[PDB]
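A single chain comes next, written as structure tokens; it is the form deposited in one PDB entry.
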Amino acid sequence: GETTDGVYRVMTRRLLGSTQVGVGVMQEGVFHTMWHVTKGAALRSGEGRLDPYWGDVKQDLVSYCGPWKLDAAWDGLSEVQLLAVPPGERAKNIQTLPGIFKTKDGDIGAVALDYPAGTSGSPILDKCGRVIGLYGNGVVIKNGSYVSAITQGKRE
């Protein structure tokens, strides 16, 4: 199937018509997405099959064909871009200054942008075009707005 680096939609034909359940990143031959998008199922790419290789429900991440390859991190100061891929709509870059999720185990950058659930797995990038995490695991705050963590895995 298609192994070219880039951002991809994750589709299913199990529901009505063809439905976009999420998004992912192909980098160095490995497909990266959030666990809640695929639930760890195998994926098809044309006539080819992508099998899960690593995953973790708590991190809400999964990699296919190989180990997690994305290791860039938000520098804690600069604006970033969400490369949003919404269902049925063209990929679009949105620039924003992240906020912060403060936890008992440390602080994480967060992006206050609200897209449909099927946009989960869209990449967040730095000024060098490096993926610093994936969008789509977050919280609903006081005024009812959605804020996503910038979720990044560990490159072994």
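Numbers follow the displayed sequence, beginning with 1.
Not pictured, yet referred to below: the form solved in complex with a small molecule.
Residue contact check for residue 29: none of its heavy atoms lie within 4.5 Å of the small molecule in the deposited bound form. When contacts are judged by a 4.5 Å heavy atom cut-off, residue 45 does not count as touching the small molecule in the deposited bound form. Shown alone here, residue 67 lies within 4.5 Å of the small molecule in the deposited bound form, counting heavy atoms only.
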